[PDB]
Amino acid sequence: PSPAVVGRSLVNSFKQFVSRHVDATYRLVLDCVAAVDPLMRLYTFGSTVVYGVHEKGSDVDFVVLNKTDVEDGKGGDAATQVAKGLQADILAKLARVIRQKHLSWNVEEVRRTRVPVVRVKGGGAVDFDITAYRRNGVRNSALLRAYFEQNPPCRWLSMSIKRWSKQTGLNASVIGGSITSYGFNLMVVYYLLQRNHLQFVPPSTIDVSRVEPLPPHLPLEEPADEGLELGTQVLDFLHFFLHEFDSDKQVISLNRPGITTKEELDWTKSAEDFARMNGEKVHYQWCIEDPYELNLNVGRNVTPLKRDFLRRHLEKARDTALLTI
């Protein structure tokens, strides 16, 4: 279809969607964190901070932090066994308090993973995750927020790809998905930066000691050109990731302006024999560099099977206006 046909279908799929309740949740959680240790900062991150709007089927992410974690505003995050042990421990404690205060709520401590996390379902249309002692999640939400503030309307491209990636089964929330919603946001931003619709923000300029624990609403307008700006962006995104991004030689990166190579990171076939993450092999078929973590591939679950699926789906979106027409 034309940019206009695509832009118009997408805007109609979002007309139901356009229509600071977080504060009340924040406070309920801090009631709990204060019961463990009252000197503890509670910080919001996730899409609610990236977008500045609180979505539909959308939970909130919080992290617990010490005064001195917050002062070490640019400190990296230890991947040691000591580092995780410590965080699993403070979340044990906070989990016990949540449960004592709120009987209706399910509170699960997840252990299959790189990052300890406590997962809360209240049922009332209230879900959230609490992590502990980590700055990179508030850091990278703040950076993608920086980027979307440059250009408020660009969030419609972002949101359109988020929803599609769940519809196609590519998204890591779905069984058999390989890139998280977070990884797709790195891709959209990377794309936008290569078209010159955003000026580069170096990742080291983001300081946790300077971010608002619960940041302001960034209002979302309806596209006023009937979605022409939008369907042109969608169609371009997909062209760029199909016939412009060289997945065999290049890495999707936000650490640098310009191209990053698989070769300069040692993100090669040889390296797949030696790289492991969660007692499992890491794949360097579709390479996405985390801005803050050491030598972390966000597309590390994109096996050669899943790299094929992604091409296939990027082609189908060209015709169906991201599965809307």
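For every residue, the number given is its place in the sequence shown, counted from 1. Throughout, rigid core stands for the largest set of C-alpha atoms superposing within 1.5 Å between the two forms.
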Completion exercise
Quick note, superposing on core in 7 other deposited structures of this protein and taking C-alpha RMS, the more shifted stretch of 123 to 131 and 245 to 253 is 123 to 131
Problem - Rigid core superposition result in 7 other deposited structures of this protein, more deviant of 43 to 51, 270 to 278 by Cα - result: 270 to 278
Practice task
Would you mind checking whether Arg20 is unresolved in the model of at least a third of the other PDB entries compared?
Solution key: yes
Completion exercise
Comparing mean C-alpha B factor in the record for 85 to 93 and 195 to 203, the higher one is 195 to 203
Exercise for the section: Would you mind comparing 219 to 227 and 162 to 170 for me and telling me which has the higher average C-alpha temperature factor in the entry? Expected result: 219 to 227
Exercise for the section: Specify which of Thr268, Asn278, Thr44, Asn295 carries the largest Cα B factor in the deposited PDB entry. Expected result: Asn278
Exercise for the section: Name the residue from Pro38, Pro257, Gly299, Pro291 with the greatest C-alpha temperature factor listed in the entry. Expected result: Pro38
Handout entry: CA B-factor placement of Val188, once the chain's modelled residues are sorted into thirds
Key = lowest
Exercise for the section: Can you work out whether the C-alpha temperature factor of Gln233 puts it in the lowest, middle or highest third of the chain? Expected result: highest
Exercise for the section: Going by the recorded CA B-factors, say which third of the chain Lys249 sits in, lowest, middle or highest. Expected result: middle
Practice task
Check where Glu264 lands among this chain's C-alpha B-factors and tell me if it's the lowest, middle or highest third.
Solution key: middle
Practice task
Would you please rank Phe274 by its C-alpha temperature factor against the other modelled residues of its chain and give the third it falls in: lowest, middle or highest?
Solution key: highest
